[PDB]
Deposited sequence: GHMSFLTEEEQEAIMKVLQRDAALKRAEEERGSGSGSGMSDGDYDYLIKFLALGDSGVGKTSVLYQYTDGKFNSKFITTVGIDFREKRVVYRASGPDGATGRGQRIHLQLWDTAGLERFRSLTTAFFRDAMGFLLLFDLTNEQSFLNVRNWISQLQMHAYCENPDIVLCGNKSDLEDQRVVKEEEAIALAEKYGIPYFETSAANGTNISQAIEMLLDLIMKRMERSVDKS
């Protein structure tokens, strides 16, 4: 196992794309809103974002090469229903593998909120959630970052090992919203992401 020139080139392409997007944002919809998905390798961060932006799902596992991001134009309505604000979403997608930890952690600063995933069929991924939350508290660029927790793969009921009460209890302990999602059939994907957007919007509207 070694850092190949291809993989470094793929990452630099993501970074080239990211600077072009920020440069296009300088010459200036309402807001550009950035969040970041993180969690153990294989929990489904890439599939969750693909289902949200495209409504599609691939069953074949293509682990993320360090870092990638997607975009989506949505309308956001503040809370009673506010007038729709055009929002440009940048959806950062991080590799979960430990070898990418330093690289992905460098991108926490560009994130206004975090979509934290675990795998309802993989108990270690759920157990690691507190470590991920510690890492966010230590590395985000604001005390008490906004986080939405997703127990993903809710469509694999027979493979489920994380009991829903334990997840609700964990989330309640940290004061963070919890959704059970499926990237395969779309259940609760948009509800989780819209809740995260609502946290970011509500916070900005507080300053």
item	value
Deposited positions without coordinates, collected into consecutive stretches in sequence order	1-3, 32-43, 95-98, 227-230
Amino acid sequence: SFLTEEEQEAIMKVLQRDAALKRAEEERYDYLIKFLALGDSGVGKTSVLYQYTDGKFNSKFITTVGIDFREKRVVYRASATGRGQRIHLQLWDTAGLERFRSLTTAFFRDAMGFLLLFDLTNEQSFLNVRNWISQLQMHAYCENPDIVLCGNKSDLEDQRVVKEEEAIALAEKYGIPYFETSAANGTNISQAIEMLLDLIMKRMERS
From here on, numbers count along this sequence of modelled residues.
query	finding
Gap at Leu127 across at least one third of the other PDB entries	no
Flanks modelled, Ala111 absent in at least a third of other entries	no
Residue stretch of maximal mean CA temperature factor, 178-186 vs 164-172	164-172
Mean Cα B-factor comparison, 65-73 or 138-146, giving the higher one as deposited	138-146
Which of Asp40, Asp54, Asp155, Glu27 ranks first by CA B-factor in the deposited coordinates	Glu27
CA B-factor ranking of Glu194, expressed as a third of its chain	middle
Chain thirds of CA B-factor: placement of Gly96	lowest
Among modelled residues of the same chain, the CA temperature factor third for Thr104	lowest
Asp110 by Cα B-factor - lowest, middle or highest third of the modelled chain	highest
CA B-factor ranking of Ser125, expressed as a third of its chain	lowest
